[PDB]
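Q: Enclosed is the structure file target_36.cif (mmCIF, C-alpha atoms and all ligand atoms).
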data_structure
#
loop_
_atom_site.group_PDB
_atom_site.id
_atom_site.type_symbol
_atom_site.label_atom_id
_atom_site.label_comp_id
_atom_site.auth_asym_id
_atom_site.auth_seq_id
_atom_site.Cartn_x
_atom_site.Cartn_y
_atom_site.Cartn_z
ATOM 1 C CA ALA D 8 97.252 108.869 126.479
ATOM 2 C CA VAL D 9 95.879 109.206 122.945
ATOM 3 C CA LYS D 10 92.601 107.124 122.633
ATOM 4 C CA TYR D 11 92.767 105.170 119.402
ATOM 5 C CA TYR D 12 89.922 103.929 117.226
ATOM 6 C CA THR D 13 90.453 101.542 114.345
ATOM 7 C CA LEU D 14 89.228 102.390 110.842
ATOM 8 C CA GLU D 15 87.115 99.230 111.112
ATOM 9 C CA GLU D 16 85.380 100.808 114.212
ATOM 10 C CA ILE D 17 85.122 104.347 112.757
ATOM 11 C CA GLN D 18 83.361 102.979 109.677
ATOM 12 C CA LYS D 19 80.511 101.895 111.910
ATOM 13 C CA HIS D 20 79.761 105.454 113.034
ATOM 14 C CA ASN D 21 78.034 106.360 109.826
ATOM 15 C CA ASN D 22 74.452 107.222 110.697
ATOM 16 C CA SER D 23 72.212 109.765 112.397
ATOM 17 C CA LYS D 24 72.729 108.181 115.722
ATOM 18 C CA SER D 25 76.564 108.379 115.593
ATOM 19 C CA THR D 26 78.539 110.162 112.868
ATOM 20 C CA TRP D 27 82.325 110.246 113.073
ATOM 21 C CA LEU D 28 84.864 111.289 110.548
ATOM 22 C CA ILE D 29 88.656 111.488 110.412
ATOM 23 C CA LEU D 30 90.680 114.680 109.767
ATOM 24 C CA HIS D 31 94.485 114.506 109.838
ATOM 25 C CA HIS D 32 94.512 111.241 111.824
ATOM 26 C CA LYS D 33 92.158 112.458 114.493
ATOM 27 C CA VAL D 34 88.596 111.298 115.040
ATOM 28 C CA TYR D 35 85.752 113.750 115.318
ATOM 29 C CA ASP D 36 82.239 113.034 116.631
ATOM 30 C CA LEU D 37 80.051 115.307 114.519
ATOM 31 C CA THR D 38 76.699 113.639 115.359
ATOM 32 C CA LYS D 39 75.304 116.747 116.936
ATOM 33 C CA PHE D 40 77.514 119.343 115.018
ATOM 34 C CA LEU D 41 76.213 118.430 111.668
ATOM 35 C CA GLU D 42 72.837 120.081 112.666
ATOM 36 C CA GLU D 43 74.828 123.430 113.054
ATOM 37 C CA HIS D 44 77.485 123.214 110.454
ATOM 38 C CA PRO D 45 77.414 126.286 108.152
ATOM 39 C CA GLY D 46 78.251 124.133 105.150
ATOM 40 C CA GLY D 47 75.129 122.035 105.717
ATOM 41 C CA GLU D 48 74.474 118.507 106.822
ATOM 42 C CA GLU D 49 74.910 116.407 103.720
ATOM 43 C CA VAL D 50 78.576 117.178 103.058
ATOM 44 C CA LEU D 51 79.335 115.824 106.465
ATOM 45 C CA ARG D 52 76.975 112.811 106.192
ATOM 46 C CA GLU D 53 78.713 111.922 102.878
ATOM 47 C CA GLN D 54 81.959 111.601 104.764
ATOM 48 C CA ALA D 55 80.656 109.745 107.813
ATOM 49 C CA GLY D 56 82.703 106.721 108.747
ATOM 50 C CA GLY D 57 85.847 107.781 106.941
ATOM 51 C CA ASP D 58 88.508 110.332 106.209
ATOM 52 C CA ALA D 59 87.498 113.803 105.124
ATOM 53 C CA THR D 60 90.874 115.535 105.370
ATOM 54 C CA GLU D 61 90.996 116.495 101.759
ATOM 55 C CA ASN D 62 87.515 117.954 101.737
ATOM 56 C CA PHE D 63 88.133 119.962 104.899
ATOM 57 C CA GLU D 64 91.280 121.764 103.400
ATOM 58 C CA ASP D 65 89.919 122.156 100.016
ATOM 59 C CA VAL D 66 87.019 124.237 101.356
ATOM 60 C CA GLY D 67 89.277 126.771 102.952
ATOM 61 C CA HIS D 68 87.954 126.555 106.487
ATOM 62 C CA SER D 69 88.740 129.565 108.598
ATOM 63 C CA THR D 70 91.014 129.476 111.570
ATOM 64 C CA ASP D 71 87.845 129.964 113.582
ATOM 65 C CA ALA D 72 86.439 126.791 112.078
ATOM 66 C CA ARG D 73 89.682 124.825 112.823
ATOM 67 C CA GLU D 74 89.486 126.025 116.365
ATOM 68 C CA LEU D 75 85.930 124.941 116.647
ATOM 69 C CA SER D 76 86.744 121.510 115.151
ATOM 70 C CA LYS D 77 89.024 120.678 118.039
ATOM 71 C CA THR D 78 86.066 120.572 120.384
ATOM 72 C CA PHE D 79 84.769 117.450 118.614
ATOM 73 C CA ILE D 80 87.924 115.343 118.831
ATOM 74 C CA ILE D 81 87.291 112.047 120.596
ATOM 75 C CA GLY D 82 90.526 110.221 119.736
ATOM 76 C CA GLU D 83 92.845 109.363 116.907
ATOM 77 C CA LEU D 84 93.123 106.787 114.154
ATOM 78 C CA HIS D 85 94.802 103.582 115.293
ATOM 79 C CA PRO D 86 98.404 103.395 114.279
ATOM 80 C CA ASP D 87 97.725 100.177 112.251
ATOM 81 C CA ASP D 88 95.581 102.235 109.821
ATOM 82 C CA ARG D 89 97.935 105.162 109.288
ATOM 83 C CA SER D 90 99.356 104.005 105.988
ATOM 84 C CA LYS D 91 95.914 103.257 104.575
ATOM 85 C CA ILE D 92 94.543 106.623 105.639
ATOM 86 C CA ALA D 93 97.355 109.579 105.443
ATOM 87 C CA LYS D 94 97.581 112.250 107.338
HETATM 88 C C1 LIG R 1 84.687 119.396 112.552
HETATM 89 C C2 LIG R 1 84.899 119.833 111.404
HETATM 90 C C3 LIG R 1 84.232 121.037 110.785
HETATM 91 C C4 LIG R 1 83.907 122.210 111.333
HETATM 92 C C5 LIG R 1 84.108 122.668 112.751
HETATM 93 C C6 LIG R 1 83.393 123.057 110.285
HETATM 94 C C7 LIG R 1 83.033 124.358 110.431
HETATM 95 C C8 LIG R 1 82.613 125.191 109.384
HETATM 96 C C9 LIG R 1 82.348 126.607 109.599
HETATM 97 C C10 LIG R 1 82.396 127.315 110.890
HETATM 98 C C11 LIG R 1 82.091 127.101 108.349
HETATM 99 C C12 LIG R 1 81.880 128.543 107.958
HETATM 100 C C13 LIG R 1 83.060 129.091 107.161
HETATM 101 C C14 LIG R 1 84.395 129.040 107.810
HETATM 102 O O1 LIG R 1 84.489 129.278 109.036
HETATM 103 O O2 LIG R 1 85.377 128.755 107.089
HETATM 104 C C15 LIG R 1 82.104 125.990 107.430
HETATM 105 C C16 LIG R 1 81.740 126.042 106.109
HETATM 106 C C17 LIG R 1 81.726 124.989 105.216
HETATM 107 N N1 LIG R 1 82.179 123.689 105.533
HETATM 108 FE FE1 LIG R 1 82.788 123.033 107.295
HETATM 109 N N2 LIG R 1 83.375 122.365 109.080
HETATM 110 C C18 LIG R 1 83.889 121.119 109.383
HETATM 111 C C19 LIG R 1 84.062 120.113 108.474
HETATM 112 C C20 LIG R 1 83.753 120.185 107.132
HETATM 113 C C21 LIG R 1 83.950 119.108 106.202
HETATM 114 C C22 LIG R 1 84.680 117.782 106.573
HETATM 115 C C23 LIG R 1 83.453 119.516 104.998
HETATM 116 C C24 LIG R 1 83.338 118.785 103.716
HETATM 117 C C25 LIG R 1 83.153 117.462 103.686
HETATM 118 C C26 LIG R 1 82.985 120.863 105.209
HETATM 119 C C27 LIG R 1 82.406 121.673 104.217
HETATM 120 C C28 LIG R 1 82.039 122.995 104.367
HETATM 121 C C29 LIG R 1 81.459 123.808 103.325
HETATM 122 C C30 LIG R 1 81.135 123.340 101.953
HETATM 123 C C31 LIG R 1 81.248 125.050 103.871
HETATM 124 C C32 LIG R 1 80.575 126.204 103.196
HETATM 125 C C33 LIG R 1 81.471 127.075 102.313
HETATM 126 C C34 LIG R 1 82.434 127.979 103.044
HETATM 127 O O3 LIG R 1 82.017 128.612 104.029
HETATM 128 O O4 LIG R 1 83.595 128.096 102.575
HETATM 129 N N3 LIG R 1 83.154 121.255 106.486
HETATM 130 N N4 LIG R 1 82.452 124.832 108.120
HETATM 131 CA CA CA R 2 69.956 123.175 111.867
HETATM 132 CA CA CA R 3 68.977 117.426 110.415
#
So, in terms of structure tokens, how does the structure I just supplied come out?
Ligand code: HEM
Ligand SMILES: [Ca+2]
Ligand SMILES: [Ca+2]

A:
Amino acid sequence: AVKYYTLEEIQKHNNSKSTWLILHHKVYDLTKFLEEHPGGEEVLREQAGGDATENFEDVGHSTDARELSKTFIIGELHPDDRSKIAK
């Protein structure tokens, strides 16, 4: 009962009205969060419409931040795109 979104669809959610990104094959709707994110808005905007897995780990996000991230999950990357995008 995973909801899947294609990469082609996710790429459209790249603006102030709808900003999504991908972390570890899951899709996060950060449209509203980016106004609250402690790391600022632009790092998230930069990533909108695509995968940001590497950026998210490289920062060293706290466990608290991971836990918070789960609240923004709206679905997962379609299986057809899971060799293009890794996990
Ligand atoms: C839904 C996903 C995300 C959530 C919930 C989130 C949450 C947070 C929170 C709560 C902090 C404060 C420090 C901490 O708790 O570790 C933080 C800091 C930061 N975040 Fe995120 N973040 C997310 C995604 C990202 C992404 C994808 C990037 C980069 C593209 C990013 C870049 C940063 C930076 C640069 C800081 C500031 C430096 C630091 O505190 O280490 N964040 N984030
Ligand atoms: Ca703000
Ligand atoms: Ca703003």

Q: Take the PyMOL selection byres (((chain D and resi 89) around 12) and not hetatm), run it mentally on this structure, and tell me the resulting residues as an NGL selection string.

A: :D and (11-14 or 29-33 or 58 or 83-88 or 90-94)

Q: Can those selected residues be exported to a file as a PDB file, in the coordinates of the input so that it contains C-alpha atoms?

A:
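This went into selection16.pdb:
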ATOM      1  CA  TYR D  11      92.767 105.170 119.402  1.00  0.00           C
ATOM      2  CA  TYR D  12      89.922 103.929 117.226  1.00  0.00           C
ATOM      3  CA  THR D  13      90.453 101.542 114.345  1.00  0.00           C
ATOM      4  CA  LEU D  14      89.228 102.390 110.842  1.00  0.00           C
ATOM      5  CA  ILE D  29      88.656 111.488 110.412  1.00  0.00           C
ATOM      6  CA  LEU D  30      90.680 114.680 109.767  1.00  0.00           C
ATOM      7  CA  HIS D  31      94.485 114.506 109.838  1.00  0.00           C
ATOM      8  CA  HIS D  32      94.512 111.241 111.824  1.00  0.00           C
ATOM      9  CA  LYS D  33      92.158 112.458 114.493  1.00  0.00           C
ATOM     10  CA  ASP D  58      88.508 110.332 106.209  1.00  0.00           C
ATOM     11  CA  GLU D  83      92.845 109.363 116.907  1.00  0.00           C
ATOM     12  CA  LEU D  84      93.123 106.787 114.154  1.00  0.00           C
ATOM     13  CA  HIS D  85      94.802 103.582 115.293  1.00  0.00           C
ATOM     14  CA  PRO D  86      98.404 103.395 114.279  1.00  0.00           C
ATOM     15  CA  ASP D  87      97.725 100.177 112.251  1.00  0.00           C
ATOM     16  CA  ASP D  88      95.581 102.235 109.821  1.00  0.00           C
ATOM     17  CA  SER D  90      99.356 104.005 105.988  1.00  0.00           C
ATOM     18  CA  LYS D  91      95.914 103.257 104.575  1.00  0.00           C
ATOM     19  CA  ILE D  92      94.543 106.623 105.639  1.00  0.00           C
ATOM     20  CA  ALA D  93      97.355 109.579 105.443  1.00  0.00           C
ATOM     21  CA  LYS D  94      97.581 112.250 107.338  1.00  0.00           C
TER      22      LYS D  94
END

Q: Point out the residue among D:37, D:42, D:74, D:27 with the least atom-to-atom distance to ligand CA 2 (chain R), counting all atoms listed in the file.

A: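 For ligand CA 2 (chain R), the nearest of the candidates is D:42.
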
Q: Using atom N1 of ligand LIG 1 (chain R) and atom CA of residue 9 of chain D as the two end points, give the distance in Å to one decimal.

A: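 Atom CA of residue 9 of chain D lies 26.5 Å from atom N1 of ligand LIG 1 (chain R).
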
Q: For segment 52-57 of chain D, please output as a VMD selection string all residues within 10 Å (counting only C-alpha atoms; exclusion window: fewer than 3 positions along the same chain).

A: chain D and resid 14 to 23 25 to 30 34 to 38 41 47 to 49 60 62 92

Q: Have a look at atom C21 of ligand LIG 1 (chain R) and atom CA of residue 78 of chain D and let me know their distance in Å, one decimal.

A: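 That distance, rounded to one decimal, is 14.4 Å.
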
Q: Kindly give the distance, in Å, that separates atom CA of residue 75 of chain D and atom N4 of ligand LIG 1 (chain R), rounded to a single decimal.

A: 9.2 Å

Q: Name the residues captured by the PyMOL selection byres (((not hetatm)) within 6 of (chain R and resi 1)) when it is applied to the shown file; answer as a PyMOL selection string.

A: chain D and resi 44-46+50-51+59+62-63+66-69+71-73+75-76

Q: Can you sort out the box for segment 69-87 of chain D, edges along x, y and z, all listed atoms in, 5 Å on every side, with centre and edge lengths in Å to one decimal, as AutoDock Vina command-line options?

A:
--center_x 91.6 --center_y 115.1 --center_z 114.6 --size_x 23.6 --size_y 39.8 --size_z 22.0
